[PDB]
């Protein structure tokens, strides 16, 4: 019997993007007459499978999985859900149902923006390489730079937090001087802005910075952050609608893509003294 309850397994809610995704899923679910029951998990098939079985024991109608998973591990989670519809929001190419922001396009937009402004010395601050999302953003950056015959001047790895963005940017400035930094999320970009400011490098006159997500606070960073927007409202609307559609007509697995956009604010400019005035 249907219960009008959707189960949501989610990675660390202390990161801003997953919490905005929960909020957007709850909002659409409420408009569609569904309650949402949320389980927060750590990495691993076992942690995800345990979350699924408990929800299925309490008769949830369908599941949404927002946890970073590689191909094989995503297949194992999908398998555990039995015949309950299940959707994934953070997976590599996998034979599973997914609703994804285009992982390569966000990286491409960031490189193209900086290259068009004239930058040639671009550093990359990735997320944790255990994350499929962080890996695909890194690969997209490297590939798009190579299409312009550029190599990144530095590549460092953070953990999605602001403090890691600060620490990795400080380390980057010990080894070289980029004119622009691509950062894999907005929280790390906040820490990079702090490191640049406290090192006497003005943003964007001396160093440009691009974030990723457009989480809510970023329009109020100093300076307001230029970033790749992932519209979490639309993700929440789309996933809840795809789950309702999967309850009515059980269908083959499909990967579905949502657009990303570059939001131009106040952290990018041409490289220092290209247009000295």
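Residue numbers count along the first chain shown, from 1.
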item	value
58 to 66 or 45 to 53, whichever carries the higher mean Cα B-factor	45 to 53
Stretch with the higher entry mean CA B-factor, where the candidates are 208 to 216 and 25 to 33	25 to 33
Member of 90, 186, 159, 112 with the greatest C-alpha B factor (per the PDB record)	90
Maximum C-alpha temperature factor, selected from 247, 40, 235, 225	247
Chain thirds of CA B-factor: placement of residue 75	highest
Chain-wide C-alpha B factor ranking for residue 149, given as lowest, middle or highest third	middle
Third of chain Cα B-factors occupied by residue 140	middle
Residue 97 - which third its CA temperature factor falls in, relative to the rest of the chain	highest
Position of residue 85 among the chain's modelled residues by C-alpha B-factor, lowest, middle or highest third	highest
